[PDB]
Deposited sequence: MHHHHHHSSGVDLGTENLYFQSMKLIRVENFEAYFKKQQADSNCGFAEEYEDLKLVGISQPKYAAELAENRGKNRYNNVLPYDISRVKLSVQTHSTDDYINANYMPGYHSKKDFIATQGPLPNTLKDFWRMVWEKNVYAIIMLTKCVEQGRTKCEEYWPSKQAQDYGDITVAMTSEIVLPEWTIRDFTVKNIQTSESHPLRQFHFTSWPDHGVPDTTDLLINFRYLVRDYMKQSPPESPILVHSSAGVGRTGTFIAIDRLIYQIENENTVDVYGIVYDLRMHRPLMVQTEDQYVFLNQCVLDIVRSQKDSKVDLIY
């Protein structure tokens, strides 16, 4: 009974959704389209990106604005929308449910990812609770510590213990156990840490992002938790490329505009600069160029 179509003049956000929330390009036409869009200092891509700027930002975020939850946001202007926020269980009051995090769609489902900020000192117990309560098995950390290394640490009613650390040049892979001290139930956890993605910036090469993503997929119901400082820019770019690669492999099509549109509908600022958006397109170009008769 929830399936309905809106009349005009009811929600201008929904009208935009129906009208222009997609720009689908077949891979066979993508090199020609990329050439057009990158001309004159990326004018075409800049227009796509500026058309995305107000998407999603009219949605309510009352929980995020509660006085009780102010200390739980890193920035007073990066706030989770109510509709997609990760709601935690409650012990003492309703606001116990709050964390600056959102469910983000991936290629396969609407809860494929949780996008969140790197924990604060006062939200560290909440962050590991989320990991526990939402059955997270993979964490993706994009930066340029909230976990133990030496011995087990308790964060609230959860104990975390490190079981492996492999340091590589571009990234680190850490394994943990996450154990509810009240119930004794333990889950495994793998953390994939990309170690030089600059804030507001992009990795040094497209291979680094693509190969890191494929590392995440080869080394993994349950959400993938992605975080960065604000939980939007690098986090959104990561999720986007993952969605794009699946769309290229399974469909023969690309929709960077539509995937970022969809991200913005679930959390603010996803893919936070124009260069990150252009970078997603250069990633696609390089994937397309690498996947590419005698006459008698």
Pop the missing stretches of the deposited sequence into a list, counting residues from 1 and keeping sequence order.
1, 146-155, 232-236, 309-312
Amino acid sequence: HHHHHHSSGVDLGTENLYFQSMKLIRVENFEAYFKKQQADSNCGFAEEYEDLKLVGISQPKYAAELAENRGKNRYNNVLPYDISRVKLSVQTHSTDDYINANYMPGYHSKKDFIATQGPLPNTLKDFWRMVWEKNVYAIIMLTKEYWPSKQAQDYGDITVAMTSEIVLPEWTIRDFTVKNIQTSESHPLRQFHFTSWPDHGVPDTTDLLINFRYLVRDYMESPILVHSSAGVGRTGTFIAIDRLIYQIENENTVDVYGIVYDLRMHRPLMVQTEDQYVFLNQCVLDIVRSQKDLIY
From here on, numbers count along this sequence of modelled residues.
Which of 97-105 and 178-186 has higher mean CA B factor, as the PDB entry lists it:
178-186
Out of 131, 173, 115, 220, which one has a C-alpha B factor higher than all the others in the entry?
220
Select one of 139, 166, 160, 216: the residue whose C-alpha shows the highest B-factor in the crystal structure entry.
216
Residue 24 CA temperature factor, ranked by third within the chain
middle
CA B-factor placement of residue 11, once the chain's modelled residues are sorted into thirds
lowest
For residue 202, the third of its chain by CA B-factor is the highest
Using the temperature factors of the C-alpha atoms in this entry, rank residue 211 within its chain: lowest, middle or highest third.
lowest
Ranked by Cα temperature factor within the chain, is residue 125 in the lowest third, the middle third or the highest third?
middle
